[PDB]
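S.K.: File name query-v2.cif; file contents mmCIF, N, CA, C and O atoms (P, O5', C5', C4', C3', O3' and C1' of nucleotides); full text below.
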data_entry
#
loop_
_atom_site.label_atom_id
_atom_site.label_comp_id
_atom_site.auth_asym_id
_atom_site.auth_seq_id
_atom_site.Cartn_x
_atom_site.Cartn_y
_atom_site.Cartn_z
N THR A 100 96.71 117.42 105.89
CA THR A 100 98.09 117.02 106.14
C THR A 100 98.95 117.36 104.93
O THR A 100 98.45 117.50 103.82
N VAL A 101 100.25 117.49 105.16
CA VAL A 101 101.21 117.78 104.10
C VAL A 101 102.57 117.22 104.48
O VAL A 101 102.95 117.25 105.65
N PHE A 102 103.30 116.71 103.49
CA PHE A 102 104.60 116.10 103.74
C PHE A 102 105.74 117.07 103.45
O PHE A 102 105.59 118.00 102.67
N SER A 103 106.88 116.82 104.09
CA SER A 103 108.05 117.66 103.90
C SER A 103 108.68 117.41 102.54
O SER A 103 108.38 116.40 101.90
N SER A 104 109.54 118.31 102.10
CA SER A 104 110.27 118.10 100.86
C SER A 104 111.27 116.97 101.09
O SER A 104 111.54 116.17 100.20
N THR A 105 111.80 116.92 102.31
CA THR A 105 112.70 115.85 102.73
C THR A 105 112.05 114.49 102.62
O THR A 105 112.68 113.51 102.26
N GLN A 106 110.76 114.43 102.96
CA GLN A 106 110.03 113.17 103.01
C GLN A 106 109.65 112.69 101.61
O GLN A 106 109.88 111.53 101.26
N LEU A 107 109.10 113.61 100.81
CA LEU A 107 108.70 113.29 99.44
C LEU A 107 109.87 112.72 98.67
O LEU A 107 109.70 111.92 97.75
N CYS A 108 111.06 113.15 99.04
CA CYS A 108 112.28 112.66 98.43
C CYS A 108 112.46 111.17 98.60
O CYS A 108 112.38 110.41 97.63
N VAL A 109 112.73 110.74 99.83
CA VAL A 109 112.98 109.34 100.11
C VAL A 109 111.77 108.51 99.69
O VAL A 109 111.92 107.39 99.19
N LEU A 110 110.58 109.08 99.87
CA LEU A 110 109.36 108.41 99.44
C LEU A 110 109.36 108.13 97.94
O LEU A 110 109.23 106.98 97.51
N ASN A 111 109.50 109.19 97.14
CA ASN A 111 109.54 109.05 95.69
C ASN A 111 110.68 108.14 95.23
O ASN A 111 110.51 107.32 94.32
N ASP A 112 111.85 108.29 95.85
CA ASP A 112 113.00 107.47 95.52
C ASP A 112 112.70 106.00 95.75
O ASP A 112 112.96 105.15 94.89
N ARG A 113 112.16 105.69 96.93
CA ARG A 113 111.80 104.32 97.26
C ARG A 113 110.74 103.81 96.30
O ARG A 113 110.82 102.68 95.81
N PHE A 114 109.74 104.64 96.03
CA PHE A 114 108.65 104.26 95.13
C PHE A 114 109.15 103.93 93.73
O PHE A 114 108.73 102.94 93.14
N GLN A 115 110.03 104.77 93.20
CA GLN A 115 110.57 104.57 91.86
C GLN A 115 111.23 103.20 91.73
O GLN A 115 111.17 102.58 90.67
N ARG A 116 111.84 102.72 92.81
CA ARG A 116 112.58 101.46 92.79
C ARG A 116 111.77 100.28 93.35
O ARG A 116 112.15 99.13 93.16
N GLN A 117 110.67 100.57 94.04
CA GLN A 117 109.84 99.52 94.63
C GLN A 117 108.40 100.00 94.78
O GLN A 117 108.10 100.85 95.62
N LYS A 118 107.50 99.45 93.96
CA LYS A 118 106.12 99.91 93.92
C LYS A 118 105.23 99.24 94.97
O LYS A 118 104.14 99.75 95.27
N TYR A 119 105.68 98.12 95.52
CA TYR A 119 104.93 97.44 96.58
C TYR A 119 105.84 97.16 97.77
O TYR A 119 106.87 96.50 97.64
N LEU A 120 105.43 97.65 98.93
CA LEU A 120 106.24 97.57 100.15
C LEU A 120 105.60 96.64 101.17
O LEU A 120 104.38 96.58 101.28
N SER A 121 106.43 95.93 101.91
CA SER A 121 105.95 95.05 102.96
C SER A 121 105.46 95.86 104.15
O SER A 121 105.62 97.08 104.19
N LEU A 122 104.87 95.18 105.12
CA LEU A 122 104.42 95.82 106.35
C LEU A 122 105.60 96.41 107.10
O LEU A 122 105.61 97.60 107.45
N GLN A 123 106.60 95.57 107.34
CA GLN A 123 107.79 95.96 108.08
C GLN A 123 108.48 97.15 107.41
O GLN A 123 108.87 98.11 108.07
N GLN A 124 108.64 97.06 106.09
CA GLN A 124 109.32 98.09 105.33
C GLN A 124 108.60 99.43 105.44
O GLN A 124 109.21 100.47 105.71
N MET A 125 107.28 99.39 105.26
CA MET A 125 106.45 100.58 105.40
C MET A 125 106.59 101.14 106.81
O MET A 125 106.76 102.35 107.00
N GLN A 126 106.53 100.26 107.80
CA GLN A 126 106.56 100.68 109.20
C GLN A 126 107.91 101.30 109.60
O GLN A 126 107.94 102.31 110.31
N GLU A 127 109.01 100.72 109.14
CA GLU A 127 110.33 101.27 109.45
C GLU A 127 110.52 102.58 108.70
O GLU A 127 111.00 103.58 109.27
N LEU A 128 110.14 102.58 107.43
CA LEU A 128 110.19 103.79 106.62
C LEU A 128 109.38 104.89 107.29
O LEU A 128 109.78 106.05 107.28
N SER A 129 108.25 104.52 107.87
CA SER A 129 107.42 105.47 108.60
C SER A 129 108.13 105.92 109.87
O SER A 129 108.11 107.11 110.21
N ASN A 130 108.75 104.99 110.59
CA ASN A 130 109.48 105.32 111.81
C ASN A 130 110.57 106.36 111.58
O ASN A 130 110.62 107.37 112.29
N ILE A 131 111.45 106.11 110.61
CA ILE A 131 112.58 107.00 110.41
C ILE A 131 112.14 108.36 109.85
O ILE A 131 112.92 109.31 109.83
N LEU A 132 110.89 108.44 109.40
CA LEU A 132 110.32 109.70 108.91
C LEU A 132 109.37 110.33 109.92
O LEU A 132 108.76 111.37 109.65
N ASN A 133 109.26 109.72 111.10
CA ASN A 133 108.34 110.17 112.14
C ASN A 133 106.93 110.36 111.57
O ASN A 133 106.27 111.37 111.83
N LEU A 134 106.49 109.39 110.79
CA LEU A 134 105.14 109.37 110.24
C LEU A 134 104.42 108.11 110.71
O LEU A 134 105.06 107.17 111.19
N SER A 135 103.10 108.09 110.58
CA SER A 135 102.33 106.91 110.94
C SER A 135 102.34 105.94 109.76
O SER A 135 102.56 106.34 108.62
N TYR A 136 102.10 104.67 110.05
CA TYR A 136 102.07 103.64 109.02
C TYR A 136 100.97 103.94 108.00
O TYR A 136 101.16 103.78 106.78
N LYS A 137 99.83 104.39 108.51
CA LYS A 137 98.64 104.64 107.71
C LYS A 137 98.92 105.61 106.56
O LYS A 137 98.59 105.33 105.40
N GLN A 138 99.54 106.75 106.87
CA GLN A 138 99.75 107.80 105.88
C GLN A 138 100.77 107.37 104.82
O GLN A 138 100.69 107.78 103.65
N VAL A 139 101.72 106.51 105.20
CA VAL A 139 102.73 106.02 104.27
C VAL A 139 102.10 105.00 103.33
O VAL A 139 102.27 105.07 102.10
N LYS A 140 101.35 104.06 103.91
CA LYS A 140 100.63 103.06 103.12
C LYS A 140 99.69 103.76 102.13
O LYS A 140 99.65 103.43 100.93
N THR A 141 98.97 104.74 102.65
CA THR A 141 98.05 105.53 101.85
C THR A 141 98.80 106.21 100.71
O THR A 141 98.39 106.12 99.55
N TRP A 142 99.90 106.88 101.05
CA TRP A 142 100.74 107.53 100.05
C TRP A 142 101.09 106.56 98.93
O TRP A 142 100.86 106.84 97.76
N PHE A 143 101.66 105.41 99.31
CA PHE A 143 102.04 104.41 98.31
C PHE A 143 100.88 104.00 97.42
O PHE A 143 101.01 103.99 96.19
N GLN A 144 99.74 103.68 98.02
CA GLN A 144 98.54 103.37 97.24
C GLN A 144 98.23 104.47 96.21
O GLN A 144 98.09 104.20 95.00
N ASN A 145 98.13 105.70 96.71
CA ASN A 145 97.85 106.84 95.86
C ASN A 145 98.87 106.93 94.73
O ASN A 145 98.52 107.24 93.58
N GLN A 146 100.13 106.66 95.05
CA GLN A 146 101.19 106.70 94.05
C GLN A 146 101.00 105.60 93.00
O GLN A 146 101.24 105.83 91.82
N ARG A 147 100.58 104.41 93.43
CA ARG A 147 100.26 103.34 92.49
C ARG A 147 99.16 103.81 91.53
O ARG A 147 99.26 103.63 90.31
N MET A 148 98.10 104.42 92.08
CA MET A 148 97.05 105.00 91.24
C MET A 148 97.62 106.02 90.24
O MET A 148 97.33 105.96 89.04
N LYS A 149 98.42 106.95 90.76
CA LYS A 149 99.07 107.95 89.92
C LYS A 149 99.84 107.27 88.79
O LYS A 149 99.75 107.68 87.63
N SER A 150 100.60 106.23 89.13
CA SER A 150 101.39 105.51 88.14
C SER A 150 100.48 104.89 87.08
O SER A 150 100.79 104.94 85.89
N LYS A 151 99.38 104.30 87.53
CA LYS A 151 98.38 103.76 86.62
C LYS A 151 97.89 104.82 85.62
O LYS A 151 97.99 104.62 84.41
N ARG A 152 97.36 105.93 86.14
CA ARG A 152 96.76 106.98 85.30
C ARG A 152 97.49 107.32 84.00
O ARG A 152 96.85 107.44 82.95
N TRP A 153 98.81 107.49 84.05
CA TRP A 153 99.56 107.98 82.89
C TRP A 153 99.40 107.06 81.67
O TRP A 153 100.06 106.03 81.56
N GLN A 154 98.51 107.47 80.77
CA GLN A 154 98.24 106.71 79.55
C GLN A 154 98.10 107.65 78.35
O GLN A 154 97.82 108.84 78.52
"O5'" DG B 1 93.44 95.16 109.67
"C5'" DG B 1 94.67 94.53 110.04
"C4'" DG B 1 95.27 93.78 108.87
"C3'" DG B 1 95.47 94.60 107.61
"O3'" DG B 1 96.77 95.17 107.61
"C1'" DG B 1 94.39 92.50 107.09
P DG B 2 97.04 96.55 106.84
"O5'" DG B 2 97.16 96.10 105.31
"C5'" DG B 2 98.17 95.18 104.92
"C4'" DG B 2 98.03 94.87 103.45
"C3'" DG B 2 98.07 96.11 102.56
"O3'" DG B 2 99.02 95.98 101.50
"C1'" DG B 2 96.00 94.88 102.24
P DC B 3 99.30 97.22 100.51
"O5'" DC B 3 98.28 96.99 99.31
"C5'" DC B 3 98.33 95.79 98.55
"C4'" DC B 3 97.13 95.65 97.64
"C3'" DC B 3 96.90 96.85 96.71
"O3'" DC B 3 97.08 96.46 95.35
"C1'" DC B 3 94.86 96.16 97.81
P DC B 4 97.09 97.57 94.19
"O5'" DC B 4 95.55 97.79 93.81
"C5'" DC B 4 94.83 96.73 93.19
"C4'" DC B 4 93.37 97.06 93.01
"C3'" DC B 4 93.10 98.36 92.24
"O3'" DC B 4 92.35 98.10 91.06
"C1'" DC B 4 91.78 98.23 94.24
P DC B 5 92.18 99.24 89.94
"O5'" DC B 5 90.96 100.13 90.47
"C5'" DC B 5 89.66 99.57 90.56
"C4'" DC B 5 88.71 100.56 91.20
"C3'" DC B 5 88.79 101.99 90.65
"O3'" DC B 5 87.68 102.24 89.80
"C1'" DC B 5 88.52 101.93 93.03
P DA B 6 87.52 103.66 89.08
"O5'" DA B 6 86.48 104.44 90.01
"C5'" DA B 6 85.23 103.85 90.34
"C4'" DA B 6 84.59 104.58 91.50
"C3'" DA B 6 84.30 106.05 91.21
"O3'" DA B 6 82.97 106.37 91.61
"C1'" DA B 6 85.65 105.86 93.16
P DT B 7 82.39 107.85 91.38
"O5'" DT B 7 82.71 108.61 92.75
"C5'" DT B 7 82.27 108.04 93.97
"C4'" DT B 7 82.91 108.73 95.16
"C3'" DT B 7 82.78 110.25 95.15
"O3'" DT B 7 81.86 110.67 96.14
"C1'" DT B 7 84.96 109.53 95.87
P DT B 8 81.45 112.22 96.27
"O5'" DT B 8 82.37 112.75 97.46
"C5'" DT B 8 82.32 112.10 98.72
"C4'" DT B 8 83.47 112.55 99.60
"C3'" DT B 8 83.49 114.05 99.89
"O3'" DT B 8 83.24 114.26 101.28
"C1'" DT B 8 85.67 113.23 99.28
P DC B 9 82.81 115.71 101.82
"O5'" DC B 9 84.20 116.47 102.00
"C5'" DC B 9 85.13 116.01 102.97
"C4'" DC B 9 86.45 116.73 102.78
"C3'" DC B 9 86.31 118.25 102.79
"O3'" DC B 9 87.23 118.83 103.69
"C1'" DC B 9 87.55 117.53 100.89
P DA B 10 86.88 120.22 104.41
"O5'" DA B 10 88.32 120.88 104.65
"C5'" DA B 10 89.30 120.15 105.38
"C4'" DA B 10 90.67 120.36 104.78
"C3'" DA B 10 91.13 121.81 104.76
"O3'" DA B 10 92.51 121.89 105.11
"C1'" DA B 10 91.12 120.96 102.55
P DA B 11 93.08 123.23 105.78
"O5'" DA B 11 92.77 124.35 104.69
"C5'" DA B 11 93.78 125.28 104.31
"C4'" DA B 11 94.77 124.67 103.34
"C3'" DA B 11 95.52 125.70 102.51
"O3'" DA B 11 96.92 125.50 102.61
"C1'" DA B 11 94.45 124.09 101.08
P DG B 12 97.94 126.60 102.02
"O5'" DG B 12 98.13 126.16 100.50
"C5'" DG B 12 98.94 126.94 99.63
"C4'" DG B 12 99.09 126.26 98.29
"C3'" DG B 12 99.43 127.20 97.14
"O3'" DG B 12 100.30 126.56 96.21
"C1'" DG B 12 97.30 126.19 96.77
"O5'" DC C 1 86.58 124.18 88.12
"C5'" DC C 1 87.28 124.74 87.01
"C4'" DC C 1 88.76 124.88 87.34
"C3'" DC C 1 89.46 123.58 87.71
"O3'" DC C 1 90.07 123.00 86.56
"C1'" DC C 1 90.03 125.36 89.25
P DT C 2 90.50 121.45 86.55
"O5'" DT C 2 91.81 121.41 87.46
"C5'" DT C 2 92.98 122.13 87.08
"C4'" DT C 2 94.04 122.06 88.16
"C3'" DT C 2 94.54 120.64 88.44
"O3'" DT C 2 95.96 120.58 88.41
"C1'" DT C 2 93.85 121.70 90.47
P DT C 3 96.71 119.16 88.37
"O5'" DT C 3 97.02 118.86 89.91
"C5'" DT C 3 97.91 119.71 90.63
"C4'" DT C 3 97.80 119.45 92.12
"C3'" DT C 3 98.10 118.02 92.56
"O3'" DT C 3 99.41 117.97 93.14
"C1'" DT C 3 96.17 118.94 93.70
P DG C 4 100.22 116.58 93.20
"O5'" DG C 4 99.68 115.88 94.52
"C5'" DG C 4 99.89 116.52 95.78
"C4'" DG C 4 98.98 115.96 96.86
"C3'" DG C 4 99.10 114.46 97.09
"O3'" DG C 4 99.07 114.18 98.48
"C1'" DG C 4 96.86 115.01 96.70
P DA C 5 100.09 113.11 99.12
"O5'" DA C 5 99.59 113.00 100.64
"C5'" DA C 5 99.38 114.16 101.42
"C4'" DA C 5 98.03 114.11 102.09
"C3'" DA C 5 97.75 112.83 102.88
"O3'" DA C 5 97.28 113.17 104.18
"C1'" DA C 5 95.99 113.23 101.33
P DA C 6 97.12 112.03 105.31
"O5'" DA C 6 95.61 111.53 105.14
"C5'" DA C 6 94.55 112.45 105.33
"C4'" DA C 6 93.20 111.89 104.89
"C3'" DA C 6 92.85 110.51 105.43
"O3'" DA C 6 91.71 110.57 106.28
"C1'" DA C 6 92.33 110.71 103.11
P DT C 7 91.20 109.26 107.07
"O5'" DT C 7 89.92 108.79 106.24
"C5'" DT C 7 88.80 109.66 106.11
"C4'" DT C 7 87.76 109.11 105.14
"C3'" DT C 7 87.22 107.72 105.48
"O3'" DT C 7 85.92 107.83 106.07
"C1'" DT C 7 87.66 107.97 103.11
P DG C 8 85.28 106.59 106.86
"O5'" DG C 8 84.57 105.73 105.71
"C5'" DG C 8 83.52 106.30 104.93
"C4'" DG C 8 83.15 105.37 103.79
"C3'" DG C 8 82.80 103.96 104.23
"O3'" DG C 8 81.58 103.54 103.63
"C1'" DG C 8 84.49 103.91 102.56
P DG C 9 80.92 102.14 104.04
"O5'" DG C 9 81.07 101.25 102.72
"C5'" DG C 9 80.52 101.71 101.50
"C4'" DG C 9 81.00 100.83 100.36
"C3'" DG C 9 80.77 99.34 100.61
"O3'" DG C 9 80.37 98.69 99.42
"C1'" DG C 9 83.04 99.73 100.21
P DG C 10 79.69 97.23 99.49
"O5'" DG C 10 80.23 96.47 98.19
"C5'" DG C 10 80.86 97.10 97.08
"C4'" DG C 10 82.09 96.32 96.64
"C3'" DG C 10 82.03 94.82 96.91
"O3'" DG C 10 82.21 94.05 95.72
"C1'" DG C 10 84.10 95.74 97.66
P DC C 11 82.04 92.46 95.77
"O5'" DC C 11 83.55 91.93 95.83
"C5'" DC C 11 84.41 92.12 94.72
"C4'" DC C 11 85.81 91.64 95.06
"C3'" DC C 11 85.89 90.24 95.65
"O3'" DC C 11 86.38 89.29 94.71
"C1'" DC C 11 87.30 91.82 96.84
P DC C 12 86.40 87.73 95.09
"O5'" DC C 12 87.87 87.50 95.68
"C5'" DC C 12 89.02 87.72 94.88
"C4'" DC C 12 90.28 87.56 95.72
"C3'" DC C 12 90.39 86.21 96.41
"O3'" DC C 12 91.49 85.47 95.89
"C1'" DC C 12 90.78 88.03 97.96
#
Let's see the structure in the file written out as structure tokens.
M.R.:
Amino acid sequence: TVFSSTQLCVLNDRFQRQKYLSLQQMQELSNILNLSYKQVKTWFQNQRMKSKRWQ
DNA sequence: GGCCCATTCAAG
DNA sequence: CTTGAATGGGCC
């Protein structure tokens, strides 16, 4: 799978301002991006890991 | 259930 | 080789 440049945008923007998202927030964010909840939740998790790594 | 973590695996 | 989406197990 691969995400659009359009998607990585709102995703990264949201992530920068909010590192933990609720169920509803993830689900709506997924809806307006025509993505599944799973891949968005997964993305966020992976991003949290990425954020951790930088040391 | 979600999160954490190590690990996997399909393209650049 | 790196990248990052995706997996499974362990924990609350």
S.K.: Could you name the residues that touch range 2-10 of chain B at 9 Å or less, counting only C-alpha atoms (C1' of nucleotides), but leaving out those on the same chain fewer than 4 positions away, as a PyMOL selection string?
M.R.: (chain A and resi 100+144) or (chain C and resi 6-8+10-11)
S.K.: When you draw a straight line from atom N of residue 109 in chain A to atom N of residue 129 in chain A, how long is it in Å?
M.R.: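 Going from atom N of residue 109 in chain A over to atom N of residue 129 in chain A, I get 11.1 Å.
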S.K.: Would you write out, as an NGL selection string, every residue that the PyMOL selection byres (((chain C and resi 1 and name CA+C1') around 12) and name CA+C1') captures in this file?
M.R.: (:B and (12)) or (:C and (2-3))
S.K.: Please write as a list in words the full residue list that the PyMOL selection byres ((chain A) within 8 of (chain C)) yields on this file.
M.R.: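 Applying the PyMOL selection byres ((chain A) within 8 of (chain C)) to the structure shown produces residues 100, 101, 102, 137, 138, 139, 141, 142, 143, 145 and 146 of chain A.
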S.K.: Write down, as a list in words, each residue of chain A that has any atom within 7 Å of an atom of chain B, counting all atoms listed in the file.
M.R.: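 Here is what falls inside 7 Å: residues 100, 119, 120, 121, 122, 140, 144 and 147 of chain A.
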S.K.: Work out how far apart atom N of residue 107 in chain A and atom O of residue 154 in chain A are and give it in Å to one decimal.
M.R.: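 That distance, rounded to one decimal, is 25.4 Å.
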S.K.: Based on the backbone DSSP call, show me all residues of chain A assigned helix (DSSP H, G or I), as a PyMOL selection string.
M.R.: chain A and resi 104-116+122-131+136-152
S.K.: Can you sort out the box for chain C, edges along x, y and z, all listed atoms in, 5 Å on every side, with centre and edge lengths in Å to one decimal, as AutoDock Vina command-line options?
M.R.:
--center_x 90.0 --center_y 105.4 --center_z 96.8 --size_x 30.5 --size_y 49.9 --size_z 30.5
S.K.: Just give me the gap between CA of residue 150 in chain A and atom N of residue 115 in chain A in Å, one decimal is fine.
M.R.: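 We find that CA of residue 150 in chain A and atom N of residue 115 in chain A lie 10.0 Å from each other.
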